[PDB]
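Respectively, the protein sequence lines represent chains L and E.
Position 14 of the first sequence, counting from 1, maps to 14 under the working numbering, and the rest follow consecutively.
Position 54 of the second sequence, counting from 1, maps to 160 under the working numbering, and the rest follow consecutively.
Worksheet for the structure shown next.
Number of protein chains: 2
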Amino acid sequence: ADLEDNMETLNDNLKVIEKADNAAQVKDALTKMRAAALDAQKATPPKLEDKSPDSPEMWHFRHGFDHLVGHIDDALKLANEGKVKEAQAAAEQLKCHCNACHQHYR
Amino acid sequence: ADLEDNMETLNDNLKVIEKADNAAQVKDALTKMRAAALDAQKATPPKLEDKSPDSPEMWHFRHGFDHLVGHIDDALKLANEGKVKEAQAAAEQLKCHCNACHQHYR
Ligand code: HEC
Ligand code: HEC
Ligand SMILES: [Co+2]
C-alpha cells in the first residue's frame, strides 16, 4: 500500500490486539502489522520528500520500522506460546514507538 | 536503594541529560539511570504488594524495565560516539516509556 494506508492498517490492528480475547486473533493482527510496517518502510514521508535518498534522516526513518518489526516479532512469540496476557502487553509497547516516529517525521 | 529513590535517580538524571554540555556528562547520567532502573526492577511497587512475583502484573512491571534499559543502552551508544544531540534526543524519548509503566503501576 502507500504509507498512509499502512499507517491505517497499523492503527486498526493495534486495537484488534487489545480487544482480542484469544491468542489466535492476537497472532493474525501482528502478522498484518508486520507486513504493513515493512511496506511503510519503503516510503518517503512528506517532510523528507525534498531530501536525499541516502539521507541520514532517511536511514533513521527506516530504522524506526525495523525497531517496530522487532517488537512485533517479540509479541508474536508471546502469542504463539499462548501467553495471551503477555502478548497484549508486549503489543502495547509499540505505542511509544508509533508516537516517537510521528513527533519527528509526521 | 528503595524504589522511590531509584525513580528519583531516573528523574534527576533526565534533567541532567537535559542540561548537559558534553558526551561525558550525558554518559554518566545514562550510566546512573541504567543502574537505577535495573535495581528498581527487582523491587515491588505498592500497587503490587498483594500479587505474586510471577504474576502477569509483576512480569509486565519487570519487562517494562527491560525495555527501558535497552533504550538507555541505545542512548549510551550514541553518546559514546560523540553525538550529544541525538543521545539527548533519545533520552527524552524515554519519557513515554516511563509514563507507559506509570499508567499501570504508579
Ligand atoms: C516511522 C518510523 C513511523 C512509525 C514507527 C509509525 N509511523 Fe505512523 N506515520 C508516520 C508518518 C511519516 C506518518 C504521516 C504520513 C503522511 O504522509 O501523512 C504517519 C501517520 C500515521 C497516521 C495518520 C495517517 C495519515 O494519513 O495521516 C496514523 C493513524 C498512524 N501513523 C498510526 C501509527 C501507529 C499506530 C503506529 C505504531 C503502531 C505508527 N503509526 C508508527 C511514520 C511512522
Ligand atoms: C515500570 C516499568 C516503571 C518504569 C519504566 C518507570 N517507573 Fe517511575 N514509577 C514506577 C512506580 C511503581 C512508581 C511508584 C513509586 C511509588 O512508590 O509510589 C513510579 C514513580 C515514579 C516517581 C515518583 C517518585 C516518588 O517519590 O513518588 C518518579 C519521580 C519516577 N517514577 C520517575 C521515573 C522516570 C523519570 C522514569 C523513566 C525515565 C521512570 N520513572 C520509569 C514504575 C516505573
Ligand atoms: Co523499543
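By construction, the Cβ of each residue, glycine as well, lies at the ideal position given by its N, Cα and C atoms.
Return yes when at least one heavy atom of ligand 1 lies under 7 Å from the C-beta of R34 of chain L, else no.
-> no
With respect to 7 Å, is the separation between the Cβ of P152 of chain E and the closest non-hydrogen atom of ligand 2 below this value?
-> Flag set: Cβ of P152 of chain E near ligand 2.
Sequence-distant residues of its chain with Cβ nearer than 8 Å to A196 of chain E (five each side left out) | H177, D180, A181 and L184
Reference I17 of chain L, options L:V84, L:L3 and L:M58, closest by Cα = L:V84
Using the Cα positions of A24 of chain L and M33 of chain L, report the straight-line distance between them to the nearest angstrom.
-> 15 Å
Where does the unbroken alpha helix (DSSP H) through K148 of chain E begin, and where does it stop?
-> Looking at the DSSP string, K148 of chain E is not in any alpha helix (DSSP H), and its letter there is neither H nor E.
Under a criterion of Cβ closer than 7 Å to any non-hydrogen atom of ligand 3, which residues qualify, in chain order?
-> L:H67, L:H71, L:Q93, L:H97, E:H173, E:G176 and E:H177
Measure the C-alpha to C-alpha separation of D5 of chain L and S55 of chain L and round it to an integer number of angstroms.
-> 24 Å
For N99 of chain L, count neighbouring Cβ atoms within 10 angstroms of its own Cβ and tell me buried if that reaches 16, exposed if not.
-> It is exposed - the Cβ of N99 of chain L has fewer than 16 other Cβ atoms within 10 Å.
Check whether the Cβ atoms of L14 of chain L and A43 of chain L lie closer than 8 Å to each other.
-> no
Whole beta strand (DSSP E) runs in the region 137 to 189 of chain E with 3 or more residues, listed along the chain?
-> Not a single unbroken stretch of the beta strand (DSSP E) spanning 3 or more residues falls wholly within the region 137 to 189 of chain E.
The alpha helix (DSSP H) spanning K19 of chain L covers which residue range?
-> Unbroken run through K19 of chain L: none, as it is neither H nor E.
List the residues of chain L whose Cβ lies closer than 8 Å to the Cβ of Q199 of chain E, in chain order.
-> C96 and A100
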